[PDB]
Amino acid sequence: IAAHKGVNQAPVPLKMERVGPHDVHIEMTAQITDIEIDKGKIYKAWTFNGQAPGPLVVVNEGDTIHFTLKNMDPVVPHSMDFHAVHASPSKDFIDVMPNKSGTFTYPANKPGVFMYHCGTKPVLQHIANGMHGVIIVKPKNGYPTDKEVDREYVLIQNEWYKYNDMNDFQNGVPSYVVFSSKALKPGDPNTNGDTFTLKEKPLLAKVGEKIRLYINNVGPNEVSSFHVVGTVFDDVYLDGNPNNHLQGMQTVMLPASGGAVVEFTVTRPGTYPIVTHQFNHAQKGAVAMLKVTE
């Protein structure tokens, strides 16, 4: 795209504020940002807020979201689809033209770990070029294992293909498959989907802790066989709904767009890889590390 040549828009922080007991304002941008997806490889991503996956959004079950999208792309229209919400797609997930803004409103009345993404046609193009992320909706009455959890992180899986290559997006294998982590609390890491960051700067935990991961596989195209080496998931909630409650799973199957809450215990000091167990994807990037110390 000739209007993207040389464009590298600095990342902009997510803006969010609660405006009532059950109402929240969220304010994101669509923007064109260079991301290093593998060592030496820059992808001029289409993003929300200059991150891909986009910034983490967390709301409470029952919250109405009043969402604004500011489109900084000079030429391409963008939009937002949150999987958390009940909405009319053809009224509420519509395009925002270059250099304009749009505001849309809709309720999040289901707890869980939901994908969000651009919904502009062709959707595959928009998601593959980087316009994906996660919204977590916290359950009103929690999960039944809340009191057992010591520490929590967010992980997102995505793929990268040949740059803006529709034929590759539809017909090709991924070039890279990657994890990212998005921050829940001050001090947590906040990364982009790349092959290396969570290997070189592992997530951190303490011996004996029960870890919860909020996870989503945003695709665009692949399913994920999510596994943590050296442990067994004690509890799994499919899509993060507390009712969907599995126990003792070695590996969690995630459809494209699928989420889960998983919880496991790290019993001994050491570094614990986190993988998709489709090992062609692992090999192409999708390995994160959790370093567990005394």
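Numbering starts at 1 and runs along the sequence shown.
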Notebook entry, point to check: Mean C-alpha B factor from the entry: is it higher for 214-222 or for 92-100?
Noted result: 92-100
Checklist line | Comparing 152-160 with 73-81, the one whose average Cα B-factor in the PDB entry is higher | finding: 73-81
Notebook entry, point to check: From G133, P174, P186, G193, pick the one with the largest CA B-factor in the entry?
Noted result: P186
Note to self: Among the choices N167, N129, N141, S181, identify the one whose CA B-factor in the record is greatest.
What the structure shows: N141
Note to self: Using only modelled residues of the chain, where does the Cα B factor of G62 rank: lowest third, middle third or highest third?
What the structure shows: highest
Check: What third of the chain, by the recorded C-alpha B-factor, contains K39?
Finding: highest
Checklist line | Where the record places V207 (Cα B-factor, split into thirds across the chain) | finding: highest
Note to self: Using only modelled residues of the chain, where does the Cα B factor of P273 rank: lowest third, middle third or highest third?
What the structure shows: middle
Next item on the list: State the tercile, meaning the lowest, middle or highest third, of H281 with respect to the CA B-factors recorded for its chain.
Entry: lowest
